Amino acid sequence: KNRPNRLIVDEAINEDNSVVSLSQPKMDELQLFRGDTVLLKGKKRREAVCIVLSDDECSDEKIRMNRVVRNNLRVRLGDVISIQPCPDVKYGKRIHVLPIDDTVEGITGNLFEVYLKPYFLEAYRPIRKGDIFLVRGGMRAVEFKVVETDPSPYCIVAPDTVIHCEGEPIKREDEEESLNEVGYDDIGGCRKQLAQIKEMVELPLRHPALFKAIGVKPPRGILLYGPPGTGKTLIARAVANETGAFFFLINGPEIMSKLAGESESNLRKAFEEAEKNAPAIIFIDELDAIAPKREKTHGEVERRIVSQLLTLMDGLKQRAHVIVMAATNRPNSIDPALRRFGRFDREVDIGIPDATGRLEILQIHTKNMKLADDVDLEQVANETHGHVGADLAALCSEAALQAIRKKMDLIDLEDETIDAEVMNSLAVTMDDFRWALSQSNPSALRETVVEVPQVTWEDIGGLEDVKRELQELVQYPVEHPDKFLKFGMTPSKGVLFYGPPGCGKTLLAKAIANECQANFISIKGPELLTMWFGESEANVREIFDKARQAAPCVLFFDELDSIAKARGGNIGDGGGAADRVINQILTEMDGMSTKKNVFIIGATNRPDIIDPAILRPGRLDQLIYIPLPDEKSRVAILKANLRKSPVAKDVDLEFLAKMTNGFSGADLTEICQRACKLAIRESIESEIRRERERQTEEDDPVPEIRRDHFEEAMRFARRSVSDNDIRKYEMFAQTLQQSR
Amino acid sequence: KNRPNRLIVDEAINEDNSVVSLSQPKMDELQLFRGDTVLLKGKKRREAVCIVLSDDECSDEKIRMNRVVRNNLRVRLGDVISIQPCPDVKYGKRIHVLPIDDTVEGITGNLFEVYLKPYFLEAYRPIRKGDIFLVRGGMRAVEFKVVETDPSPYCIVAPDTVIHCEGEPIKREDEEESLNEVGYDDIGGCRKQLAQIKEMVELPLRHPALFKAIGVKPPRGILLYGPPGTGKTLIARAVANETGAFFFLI
Ligand SMILES: Nc1ncnc2c1ncn2[C@@H]1O[C@H](COP(=O)(O)OP(=O)(O)NP(=O)(O)O)[C@@H](O)[C@H]1O
Ligand SMILES: Nc1ncnc2c1ncn2[C@@H]1O[C@H](COP(=O)(O)OP(=O)(O)O)[C@@H](O)[C@H]1O
């Protein structure tokens, strides 16, 4: 018809297996309501009946499409479908649905009331003939095929019908695949990297003939890496099985497990077999087993194997319908002659996930688990700092095995055997989650983390003008390069905080990285000391390579004065005013691109004994005095700390605010900690006294703090900063010379 | 019967080779006294006669079970047994017990008064037909098989009887193992590590078909280490010969 009814498929955000979400101007163009019965026609004359729903997440012309119904239509991602309303659907009297025997194995008991009757209630579901849907439960996920309906050829189902499920399972026909093949639905986290790998490879695989009409070379050597266990083979096979090409898998240890000429014949026949079924993808994992760093290679057959791989990958420039993906452990653990132009050009890091990614990975792995009601995935989302996803698979399977070990075991073996009806009753508790998270958790990470921070501007009290002109200093030229191009001034890229210790030096950097949606990689002082004492400075280049790879980002140096204080004070050691790591930092600083959005933030508390070679233009040049807090900042910081804890309202904090002057913010965030420790000790002792009183039940004495704890904490209080350091810093206010 | 008479075996803390220790609410439910003659039926219609004693170390539903009597019943750890009182046991007049030649080698002299008469005094011991017990001494530990009793088919023994030990030793039949195979009784110390290795491996070996109904991967690469000489091969072969699987050694 060539009208807007020809639409492009996508992934779905909805979690029902038969609903389709669409946008508002599109749905106002088609004149429907919510919950209408809609019909989809695609390729090879297949049909889909669905419920339509409305969402603003959809764009102008796309369709949020589920995977089981897109495999029901026998189409894939990148195909076009046709949309028609079918508003004349009645109810049925008999429903014929039956499994395929290849996915129901080990199963005993009745199948009908355990799955079908928990499914076909309360959801009027549109079913057409020959359809295969998918349900979960029983620690499993089973698909189901329908055969016959009374209102031919489709109906909507309701509580007011029956389903006749009689018969034996039927073998799967030759055309479709199973649904235990992995896909785009079961990879939690790292959505941007998946989008980048999706957009980089879509054209020569979905439209191969276009590059048979245009001679422009696509990128063919694309290399992803990451710390191990993160499922690089999983995402590789997911992309290859989702976009629909021929797959073949070369693993490094198997090729090293043969003789010499047998390995040569294996690699040659593998590349010929990948040539035969074009278009196709090819995958080499554990490249460290095949082509290591050259200094770590000692024999003779290994260099011959690496030269064989170089000739075999240079000799497929003529072909353009295969593409090579590979996976190592680290980019510094490959031979440097391999990753060059014509062999391996594109580079992508997977990285470690974060709390949102951990929540999504946990949402993947409790899909067919049948949780309880008291289990709280936000708890084990926030309490699981520093983990990879295979540890999360181990954690979920460990808690499931503990629920099998505690109950539903010795209770059952003394009387009967085990079926799936009692597997329906099995849920797991949060106690097994806390038990599997307390012990038996080998945390597989000690390295540097990269994430967006969470502290916002309202978490720090006051300091308002400094926040707004820092916002001027970073936020402006990334949004308006035309004004700077008009006035010809290149922007500065350095800023140097300084101030007395204990004034909240990390919080403003966290707020700037959180508001502009920037990554964050921090380096403390102890990292500088363990790079100085070991005399190892081939690590700074790795840090700034990671920084450029994490673009955009803000790089935070904490305790820069440690290397100048460590070898003596202001007299110092026998040396002078320079060192090793700081000039290595300058040399790797000034030799990079101006527009790459890597913004370097330094910090110290001793601004006099620092090397003045860092205050050159083109480097760190912006100085901001961070002073002691004032009383309005004191009440603001005190409320911003006390917002977490339950406090009383009749207590008054302006007495101590008007009393305490010249105090660090760290002191006024530890005195509340001291008072709350005193209150928690008082409450637990009154708890054990009322327990031992009549019983040798819960009327809580106080959930908050009174004036007594604050008065005793002020009797335990202490200032942290002397007056002479304030005069040493106000020397810079009196003198006002700060260029070099 | 599906009542609480179907119990799960365990290790024992008692050191007599024929007594069984049980808990107090269980023994008040069965209405017995200490030292009563009790009977155990398990798999393959084997029988065990025992002395019952009381302990608070036992939990609600478990049985502190000795290794020689659990091999006498031809069951293993993880099996369920059945408990019945047999309070009608008399004494005997002639007792027929004889060794197996594969465990008495290098031995000379009279066998009767060196082992049997130091054993069958002061302990009224419950013996049924076909039973194999185990005694120690002479820098060795010898097992013994009984053949025939006068009050058929079981008795309790006392100082007021005789034991006729005449004959040559009989070859071991094909079904059972020896008792010089290592087990859970001869590893001192490190009980928590043995409990951890016990709980980590019990499910895919005692109940294999459950993971033929549930697809969840068990842990398969488990690595123990230690400073050398601490008997890592001993605890490995002990767990494999105690839980009862096929072993092979690389
Ligand atoms: N509102 C606040 N005002 C001041 N400090 C705060 C505030 N909120 C949190 N902090 C703490 O301030 C820390 C930032 O370091 P900061 O206290 O400025 O350095 P310092 O204490 O002066 N030097 P040091 O403690 O030895 O590393 C954070 O880690 C918090 O623990
Ligand atoms: N983010 C994740 N999403 C889904 N599964 C994961 C994830 N991370 C780890 N896994 C699981 O951990 C295992 C490790 O992936 P694998 O391909 O074996 O990596 P490697 O071989 O490098 O260890 C996979 O079998 C996968 O199922």
# chains A, B, ... in the order shown; residues from 1 in each chain; ligands from 1
>>> interface_residues(of="chain B", to="chain A", cutoff="9 Å", atoms="only C-alpha atoms", output="PyMOL selection string")
chain B and resi 2-4+6-8+79-80+199+203+209-219
>>> select_by_dssp(residues="region 92-232 of chain A", states="strand (DSSP E or B)", output="PyMOL selection string")
chain A and resi 95-98+125-128+132-137+140-149+154-157+164+221-225
>>> write_last_selection(atoms="N, CA and C atoms", output="short mmCIF file (atom, residue, chain, number, x, y, z; two decimals), in the first residue's frame")
data_model
loop_
_atom_site.label_atom_id
_atom_site.label_comp_id
_atom_site.auth_asym_id
_atom_site.auth_seq_id
_atom_site.Cartn_x
_atom_site.Cartn_y
_atom_site.Cartn_z
N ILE A 95 -9.59 -25.70 23.93
CA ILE A 95 -8.26 -25.20 23.58
C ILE A 95 -7.28 -26.37 23.58
N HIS A 96 -6.53 -26.52 22.49
CA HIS A 96 -5.66 -27.67 22.27
C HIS A 96 -4.21 -27.21 22.25
N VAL A 97 -3.46 -27.51 23.31
CA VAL A 97 -2.07 -27.09 23.45
C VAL A 97 -1.27 -28.23 24.08
N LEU A 98 -0.04 -28.42 23.59
CA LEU A 98 0.76 -29.59 23.89
C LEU A 98 2.24 -29.23 23.77
N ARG A 125 -6.13 -13.68 26.74
CA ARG A 125 -4.93 -13.76 25.92
C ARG A 125 -5.27 -14.14 24.48
N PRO A 126 -4.71 -13.46 23.49
CA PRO A 126 -5.06 -13.76 22.10
C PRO A 126 -4.22 -14.91 21.55
N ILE A 127 -4.89 -16.00 21.18
CA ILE A 127 -4.22 -17.20 20.69
C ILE A 127 -4.74 -17.53 19.30
N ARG A 128 -3.83 -17.70 18.35
CA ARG A 128 -4.16 -18.23 17.03
C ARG A 128 -3.58 -19.63 16.88
N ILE A 132 3.25 -20.98 19.29
CA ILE A 132 4.09 -21.52 20.35
C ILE A 132 4.39 -20.39 21.32
N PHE A 133 3.91 -20.51 22.54
CA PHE A 133 4.21 -19.55 23.59
C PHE A 133 5.18 -20.18 24.58
N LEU A 134 5.52 -19.42 25.62
CA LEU A 134 6.54 -19.84 26.57
C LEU A 134 6.13 -19.41 27.97
N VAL A 135 6.15 -20.37 28.90
CA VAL A 135 5.86 -20.12 30.31
C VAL A 135 7.07 -20.54 31.13
N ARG A 136 7.10 -20.11 32.38
CA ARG A 136 8.19 -20.42 33.29
C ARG A 136 7.64 -21.10 34.53
N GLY A 137 8.55 -21.53 35.39
CA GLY A 137 8.19 -22.16 36.65
C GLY A 137 8.87 -23.50 36.78
N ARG A 140 12.35 -23.93 35.66
CA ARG A 140 12.50 -24.21 34.24
C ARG A 140 11.66 -23.22 33.45
N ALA A 141 11.75 -23.33 32.13
CA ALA A 141 10.95 -22.52 31.22
C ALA A 141 10.58 -23.40 30.03
N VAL A 142 9.28 -23.66 29.87
CA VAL A 142 8.78 -24.59 28.88
C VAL A 142 7.95 -23.84 27.85
N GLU A 143 8.17 -24.16 26.57
CA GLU A 143 7.33 -23.68 25.49
C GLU A 143 6.18 -24.65 25.22
N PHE A 144 5.22 -24.18 24.43
CA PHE A 144 3.98 -24.91 24.20
C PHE A 144 3.40 -24.54 22.84
N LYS A 145 2.88 -25.54 22.13
CA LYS A 145 2.36 -25.39 20.77
C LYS A 145 0.87 -25.70 20.77
N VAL A 146 0.09 -24.88 20.07
CA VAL A 146 -1.35 -25.12 19.98
C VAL A 146 -1.68 -25.72 18.61
N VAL A 147 -2.76 -26.48 18.56
CA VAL A 147 -3.15 -27.24 17.38
C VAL A 147 -4.51 -26.82 16.85
N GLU A 148 -5.53 -26.84 17.71
CA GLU A 148 -6.90 -26.72 17.23
C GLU A 148 -7.70 -25.79 18.14
N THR A 149 -8.54 -24.95 17.52
CA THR A 149 -9.48 -24.06 18.21
C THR A 149 -10.86 -24.22 17.60
N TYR A 154 -8.73 -18.23 15.17
CA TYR A 154 -8.10 -17.62 16.34
C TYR A 154 -9.17 -17.19 17.32
N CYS A 155 -8.77 -17.05 18.58
CA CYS A 155 -9.68 -16.64 19.64
C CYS A 155 -8.93 -15.82 20.68
N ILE A 156 -9.69 -15.28 21.62
CA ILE A 156 -9.14 -14.68 22.83
C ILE A 156 -9.62 -15.54 23.99
N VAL A 157 -8.76 -15.74 24.97
CA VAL A 157 -9.08 -16.67 26.05
C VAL A 157 -9.32 -15.89 27.33
N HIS A 164 -8.24 -28.46 26.72
CA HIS A 164 -8.03 -29.90 26.68
C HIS A 164 -6.59 -30.16 26.24
N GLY A 221 38.54 -6.03 11.60
CA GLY A 221 39.14 -6.51 12.83
C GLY A 221 38.65 -5.76 14.05
N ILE A 222 37.63 -6.30 14.72
CA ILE A 222 37.06 -5.66 15.89
C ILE A 222 37.32 -6.55 17.10
N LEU A 223 37.92 -5.97 18.13
CA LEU A 223 38.46 -6.70 19.25
C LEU A 223 37.82 -6.18 20.52
N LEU A 224 37.13 -7.06 21.24
CA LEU A 224 36.59 -6.75 22.54
C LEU A 224 37.42 -7.44 23.60
N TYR A 225 37.64 -6.75 24.72
CA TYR A 225 38.30 -7.41 25.83
C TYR A 225 37.61 -7.06 27.14
#
>>> residues_near_ligand(ligand="ligand 1", cutoff="7 Å", atoms="only C-alpha atoms and all ligand atoms", output="PDB file with N, CA, C and O atoms, in the first residue's frame")
ATOM      1  N   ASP A 459      23.640  17.433  48.421  1.00  0.00           N
ATOM      2  CA  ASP A 459      24.327  16.675  49.454  1.00  0.00           C
ATOM      3  C   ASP A 459      25.443  17.460  50.126  1.00  0.00           C
ATOM      4  O   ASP A 459      25.902  17.055  51.197  1.00  0.00           O
ATOM      5  N   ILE A 460      25.885  18.567  49.544  1.00  0.00           N
ATOM      6  CA  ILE A 460      26.864  19.442  50.171  1.00  0.00           C
ATOM      7  C   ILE A 460      26.185  20.769  50.483  1.00  0.00           C
ATOM      8  O   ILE A 460      25.402  21.283  49.676  1.00  0.00           O
ATOM      9  N   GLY A 461      26.423  21.281  51.683  1.00  0.00           N
ATOM     10  CA  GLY A 461      25.726  22.462  52.131  1.00  0.00           C
ATOM     11  C   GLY A 461      26.397  23.764  51.761  1.00  0.00           C
ATOM     12  O   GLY A 461      27.539  24.014  52.150  1.00  0.00           O
ATOM     13  N   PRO A 500      42.274  23.956  53.413  1.00  0.00           N
ATOM     14  CA  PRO A 500      42.608  23.216  54.622  1.00  0.00           C
ATOM     15  C   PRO A 500      41.948  21.854  54.618  1.00  0.00           C
ATOM     16  O   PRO A 500      40.907  21.653  53.964  1.00  0.00           O
ATOM     17  N   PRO A 501      42.542  20.870  55.302  1.00  0.00           N
ATOM     18  CA  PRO A 501      42.026  19.498  55.224  1.00  0.00           C
ATOM     19  C   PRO A 501      40.708  19.351  55.959  1.00  0.00           C
ATOM     20  O   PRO A 501      40.464  20.006  56.973  1.00  0.00           O
ATOM     21  N   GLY A 502      39.847  18.495  55.426  1.00  0.00           N
ATOM     22  CA  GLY A 502      38.524  18.387  55.994  1.00  0.00           C
ATOM     23  C   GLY A 502      37.599  19.531  55.642  1.00  0.00           C
ATOM     24  O   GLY A 502      37.194  20.300  56.516  1.00  0.00           O
ATOM     25  N   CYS A 503      37.262  19.659  54.358  1.00  0.00           N
ATOM     26  CA  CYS A 503      36.225  20.597  53.945  1.00  0.00           C
ATOM     27  C   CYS A 503      35.326  20.003  52.867  1.00  0.00           C
ATOM     28  O   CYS A 503      34.589  20.747  52.212  1.00  0.00           O
ATOM     29  N   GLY A 504      35.363  18.689  52.670  1.00  0.00           N
ATOM     30  CA  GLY A 504      34.550  18.049  51.656  1.00  0.00           C
ATOM     31  C   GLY A 504      35.136  18.179  50.266  1.00  0.00           C
ATOM     32  O   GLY A 504      34.476  18.678  49.353  1.00  0.00           O
ATOM     33  N   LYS A 505      36.369  17.715  50.086  1.00  0.00           N
ATOM     34  CA  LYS A 505      37.073  17.948  48.834  1.00  0.00           C
ATOM     35  C   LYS A 505      36.643  17.013  47.718  1.00  0.00           C
ATOM     36  O   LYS A 505      36.807  17.356  46.545  1.00  0.00           O
ATOM     37  N   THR A 506      36.111  15.838  48.038  1.00  0.00           N
ATOM     38  CA  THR A 506      35.725  14.923  46.975  1.00  0.00           C
ATOM     39  C   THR A 506      34.302  15.146  46.489  1.00  0.00           C
ATOM     40  O   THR A 506      33.956  14.699  45.384  1.00  0.00           O
ATOM     41  N   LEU A 507      33.486  15.858  47.267  1.00  0.00           N
ATOM     42  CA  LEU A 507      32.052  15.879  47.016  1.00  0.00           C
ATOM     43  C   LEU A 507      31.698  16.755  45.825  1.00  0.00           C
ATOM     44  O   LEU A 507      30.785  16.427  45.058  1.00  0.00           O
ATOM     45  N   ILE A 637      25.106  21.774  56.128  1.00  0.00           N
ATOM     46  CA  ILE A 637      25.880  20.537  56.139  1.00  0.00           C
ATOM     47  C   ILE A 637      25.362  19.591  57.213  1.00  0.00           C
ATOM     48  O   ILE A 637      25.279  18.374  56.996  1.00  0.00           O
ATOM     49  N   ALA A 640      22.206  18.093  55.935  1.00  0.00           N
ATOM     50  CA  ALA A 640      22.528  17.206  54.824  1.00  0.00           C
ATOM     51  C   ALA A 640      23.183  15.916  55.295  1.00  0.00           C
ATOM     52  O   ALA A 640      23.129  14.902  54.594  1.00  0.00           O
ATOM     53  N   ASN A 641      23.830  15.939  56.455  1.00  0.00           N
ATOM     54  CA  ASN A 641      24.302  14.688  57.031  1.00  0.00           C
ATOM     55  C   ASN A 641      23.181  13.971  57.768  1.00  0.00           C
ATOM     56  O   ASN A 641      23.010  12.757  57.616  1.00  0.00           O
ATOM     57  N   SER A 664      35.949  21.804  61.221  1.00  0.00           N
ATOM     58  CA  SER A 664      35.916  21.096  59.954  1.00  0.00           C
ATOM     59  C   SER A 664      34.577  20.402  59.781  1.00  0.00           C
ATOM     60  O   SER A 664      33.886  20.091  60.755  1.00  0.00           O
ATOM     61  N   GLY A 665      34.217  20.143  58.523  1.00  0.00           N
ATOM     62  CA  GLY A 665      32.990  19.418  58.250  1.00  0.00           C
ATOM     63  C   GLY A 665      33.077  17.954  58.617  1.00  0.00           C
ATOM     64  O   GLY A 665      32.057  17.317  58.901  1.00  0.00           O
ATOM     65  N   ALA A 666      34.291  17.405  58.631  1.00  0.00           N
ATOM     66  CA  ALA A 666      34.474  16.031  59.073  1.00  0.00           C
ATOM     67  C   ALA A 666      34.208  15.882  60.565  1.00  0.00           C
ATOM     68  O   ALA A 666      33.681  14.849  60.993  1.00  0.00           O
ATOM     69  N   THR A 669      30.566  15.829  60.971  1.00  0.00           N
ATOM     70  CA  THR A 669      29.914  14.598  60.565  1.00  0.00           C
ATOM     71  C   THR A 669      30.375  13.385  61.361  1.00  0.00           C
ATOM     72  O   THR A 669      29.810  12.302  61.180  1.00  0.00           O
TER      73      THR A 669
END
>>> closest_residue(among="A:711, A:202, A:469, A:286", to="residue 243 (chain A)", atoms="only C-alpha atoms")
A:202
>>> residues_near_ligand(ligand="ligand 2", cutoff="7 Å", atoms="only C-alpha atoms and all ligand atoms", output="ChimeraX atom specification")
/A:186-189,228-234,361,388-390,393
>>> closest_residue(among="B:108, B:103, B:126, B:10", to="residue 140 (chain B)", atoms="only C-alpha atoms")
B:103
>>> residues_around(residues="residue 76 (chain B)", least_positions_apart="4", cutoff="12 Å", atoms="only C-alpha atoms", output="list in words")
residues 8, 9, 10, 11, 42, 43, 65, 66, 67, 68, 69, 70, 71, 72, 80, 81, 176, 183, 206, 241, 242, 243, 244 and 245 of chain B
>>> write_last_selection(atoms="N, CA, C and O atoms", output="compact mmCIF listing (two decimals), in the first residue's frame")
# COMPACT_ATOMS: atom_id res chain seq x y z
N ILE B 8 17.29 -41.39 59.40
CA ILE B 8 18.48 -41.16 58.58
C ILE B 8 19.72 -41.47 59.42
O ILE B 8 19.79 -41.14 60.61
N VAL B 9 20.67 -42.17 58.80
CA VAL B 9 21.90 -42.58 59.47
C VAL B 9 22.86 -41.41 59.61
O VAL B 9 22.66 -40.35 59.00
N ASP B 10 23.90 -41.60 60.42
CA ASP B 10 24.95 -40.60 60.61
C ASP B 10 26.21 -41.33 61.08
O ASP B 10 26.27 -42.56 61.08
N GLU B 11 27.21 -40.56 61.49
CA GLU B 11 28.37 -41.09 62.19
C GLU B 11 28.00 -41.30 63.66
O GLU B 11 26.93 -40.89 64.11
N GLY B 42 16.81 -52.29 57.37
CA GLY B 42 17.14 -51.32 56.35
C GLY B 42 16.86 -51.86 54.96
O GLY B 42 15.89 -52.58 54.73
N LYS B 43 17.78 -51.59 54.03
CA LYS B 43 17.59 -52.03 52.62
C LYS B 43 17.95 -53.52 52.45
O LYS B 43 18.56 -54.08 53.39
N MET B 65 25.24 -43.72 64.28
CA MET B 65 25.36 -45.06 63.74
C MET B 65 26.83 -45.43 63.54
O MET B 65 27.61 -44.62 63.04
N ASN B 66 27.20 -46.65 63.92
CA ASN B 66 28.58 -47.13 63.80
C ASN B 66 28.82 -47.73 62.41
O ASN B 66 27.89 -48.12 61.71
N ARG B 67 30.10 -47.82 62.04
CA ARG B 67 30.46 -48.14 60.66
C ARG B 67 30.37 -49.63 60.37
O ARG B 67 29.98 -50.02 59.27
N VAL B 68 30.75 -50.47 61.33
CA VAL B 68 30.73 -51.91 61.12
C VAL B 68 29.29 -52.43 61.02
O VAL B 68 28.98 -53.27 60.17
N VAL B 69 28.38 -51.88 61.82
CA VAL B 69 27.00 -52.31 61.77
C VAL B 69 26.28 -51.68 60.58
O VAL B 69 25.34 -52.27 60.02
N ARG B 70 26.73 -50.51 60.12
CA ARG B 70 26.15 -49.96 58.90
C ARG B 70 26.67 -50.67 57.66
O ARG B 70 26.01 -50.64 56.62
N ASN B 71 27.83 -51.33 57.75
CA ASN B 71 28.26 -52.18 56.64
C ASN B 71 27.67 -53.57 56.77
O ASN B 71 27.64 -54.32 55.79
N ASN B 72 27.22 -53.92 57.96
CA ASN B 72 26.57 -55.20 58.20
C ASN B 72 25.19 -55.23 57.56
O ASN B 72 24.73 -56.27 57.10
N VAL B 80 17.83 -44.84 54.78
CA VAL B 80 16.80 -44.73 55.81
C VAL B 80 16.56 -46.11 56.40
O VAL B 80 16.55 -47.12 55.68
N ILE B 81 16.45 -46.17 57.73
CA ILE B 81 16.27 -47.43 58.44
C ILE B 81 15.02 -47.36 59.31
O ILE B 81 14.43 -46.30 59.52
N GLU B 176 30.33 -57.61 49.78
CA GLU B 176 30.82 -56.57 50.67
C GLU B 176 32.30 -56.29 50.43
O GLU B 176 33.00 -57.00 49.70
N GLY B 183 38.00 -44.60 55.92
CA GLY B 183 36.68 -44.05 56.10
C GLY B 183 36.64 -42.72 56.81
O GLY B 183 37.59 -41.94 56.74
N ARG B 206 24.56 -38.40 45.95
CA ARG B 206 23.54 -39.22 46.60
C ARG B 206 22.23 -39.18 45.84
O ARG B 206 21.48 -40.16 45.83
N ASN B 241 35.27 -43.38 49.12
CA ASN B 241 34.91 -44.72 49.56
C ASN B 241 33.82 -44.71 50.61
O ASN B 241 33.23 -45.76 50.90
N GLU B 242 33.54 -43.56 51.20
CA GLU B 242 32.46 -43.46 52.18
C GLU B 242 31.14 -43.14 51.52
O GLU B 242 30.12 -43.74 51.86
N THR B 243 31.12 -42.21 50.57
CA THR B 243 29.88 -41.92 49.86
C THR B 243 29.57 -42.93 48.77
O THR B 243 28.46 -42.91 48.24
N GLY B 244 30.51 -43.80 48.42
CA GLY B 244 30.20 -44.92 47.56
C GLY B 244 30.05 -44.60 46.09
O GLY B 244 28.96 -44.70 45.53
N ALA B 245 31.15 -44.22 45.44
CA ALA B 245 31.17 -44.03 44.00
C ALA B 245 32.38 -44.73 43.41
O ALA B 245 33.24 -45.24 44.12
>>> residues_around(residues="region 34-37 of chain A", least_positions_apart="2", cutoff="9 Å", atoms="only C-alpha atoms", output="PyMOL selection string")
chain A and resi 19+32+39+49-54+85-89+126+156
>>> write_last_selection(atoms="N, CA and C atoms", output="PDB file, in the first residue's frame")
ATOM      1  N   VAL A  19       2.160  -9.051  24.420  1.00  0.00           N
ATOM      2  CA  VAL A  19       1.746  -7.666  24.250  1.00  0.00           C
ATOM      3  C   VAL A  19       2.804  -6.910  23.460  1.00  0.00           C
ATOM      4  N   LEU A  32      -7.021   3.674  17.678  1.00  0.00           N
ATOM      5  CA  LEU A  32      -7.323   2.509  18.493  1.00  0.00           C
ATOM      6  C   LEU A  32      -7.470   2.947  19.940  1.00  0.00           C
ATOM      7  N   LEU A  39      -3.434  -7.361  14.690  1.00  0.00           N
ATOM      8  CA  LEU A  39      -2.943  -8.442  13.852  1.00  0.00           C
ATOM      9  C   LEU A  39      -1.741  -7.960  13.056  1.00  0.00           C
ATOM     10  N   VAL A  49      -1.207 -12.450  16.484  1.00  0.00           N
ATOM     11  CA  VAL A  49      -2.306 -11.751  17.139  1.00  0.00           C
ATOM     12  C   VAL A  49      -1.796 -11.249  18.485  1.00  0.00           C
ATOM     13  N   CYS A  50      -2.086  -9.987  18.795  1.00  0.00           N
ATOM     14  CA  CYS A  50      -1.440  -9.347  19.929  1.00  0.00           C
ATOM     15  C   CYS A  50      -2.379  -8.350  20.589  1.00  0.00           C
ATOM     16  N   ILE A  51      -2.017  -7.984  21.811  1.00  0.00           N
ATOM     17  CA  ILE A  51      -2.613  -6.876  22.543  1.00  0.00           C
ATOM     18  C   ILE A  51      -1.725  -5.658  22.339  1.00  0.00           C
ATOM     19  N   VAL A  52      -2.332  -4.512  22.047  1.00  0.00           N
ATOM     20  CA  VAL A  52      -1.606  -3.265  21.842  1.00  0.00           C
ATOM     21  C   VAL A  52      -1.673  -2.446  23.128  1.00  0.00           C
ATOM     22  N   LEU A  53      -0.550  -1.835  23.500  1.00  0.00           N
ATOM     23  CA  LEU A  53      -0.512  -0.914  24.624  1.00  0.00           C
ATOM     24  C   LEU A  53       0.258   0.334  24.213  1.00  0.00           C
ATOM     25  N   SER A  54       0.159   1.370  25.039  1.00  0.00           N
ATOM     26  CA  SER A  54       0.700   2.683  24.723  1.00  0.00           C
ATOM     27  C   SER A  54       1.902   3.011  25.602  1.00  0.00           C
ATOM     28  N   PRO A  85      -6.059  -3.893  12.412  1.00  0.00           N
ATOM     29  CA  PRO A  85      -6.894  -4.210  13.577  1.00  0.00           C
ATOM     30  C   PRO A  85      -7.864  -5.349  13.293  1.00  0.00           C
ATOM     31  N   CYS A  86      -7.992  -6.252  14.267  1.00  0.00           N
ATOM     32  CA  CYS A  86      -8.908  -7.390  14.188  1.00  0.00           C
ATOM     33  C   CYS A  86      -9.872  -7.329  15.370  1.00  0.00           C
ATOM     34  N   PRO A  87     -10.875  -6.458  15.314  1.00  0.00           N
ATOM     35  CA  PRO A  87     -11.725  -6.218  16.487  1.00  0.00           C
ATOM     36  C   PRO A  87     -12.899  -7.172  16.645  1.00  0.00           C
ATOM     37  N   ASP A  88     -12.919  -8.301  15.942  1.00  0.00           N
ATOM     38  CA  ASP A  88     -14.104  -9.147  15.927  1.00  0.00           C
ATOM     39  C   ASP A  88     -13.819 -10.533  16.486  1.00  0.00           C
ATOM     40  N   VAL A  89     -13.178 -10.597  17.651  1.00  0.00           N
ATOM     41  CA  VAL A  89     -12.705 -11.853  18.223  1.00  0.00           C
ATOM     42  C   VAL A  89     -13.638 -12.286  19.347  1.00  0.00           C
ATOM     43  N   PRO A 126      -4.711 -13.459  23.487  1.00  0.00           N
ATOM     44  CA  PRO A 126      -5.063 -13.763  22.095  1.00  0.00           C
ATOM     45  C   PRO A 126      -4.222 -14.907  21.547  1.00  0.00           C
ATOM     46  N   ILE A 156      -9.687 -15.281  21.622  1.00  0.00           N
ATOM     47  CA  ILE A 156      -9.137 -14.684  22.826  1.00  0.00           C
ATOM     48  C   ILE A 156      -9.624 -15.539  23.985  1.00  0.00           C
TER      49      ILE A 156
END
>>> closest_residue(among="B:196, B:112, B:230, B:75", to="residue 439 (chain A)", atoms="only C-alpha atoms")
B:196
>>> residues_around(residues="residue 64 (chain B)", least_positions_apart="6", cutoff="9 Å", atoms="only C-alpha atoms", output="list in words")
residues 9, 10, 11, 12, 13, 14, 20, 21, 22 and 58 of chain B
>>> select_by_dssp(residues="region 362-576 of chain A", states="helix (DSSP H, G or I)", output="count of residues only")
104
>>> atom_distance(atom1="CA of residue 525 (chain A)", atom2="CA of residue 559 (chain A)")
4.7 Å
>>> residues_around(residues="residue 166 (chain B)", least_positions_apart="4", cutoff="10 Å", atoms="only C-alpha atoms", output="PyMOL selection string")
chain B and resi 96-98+112
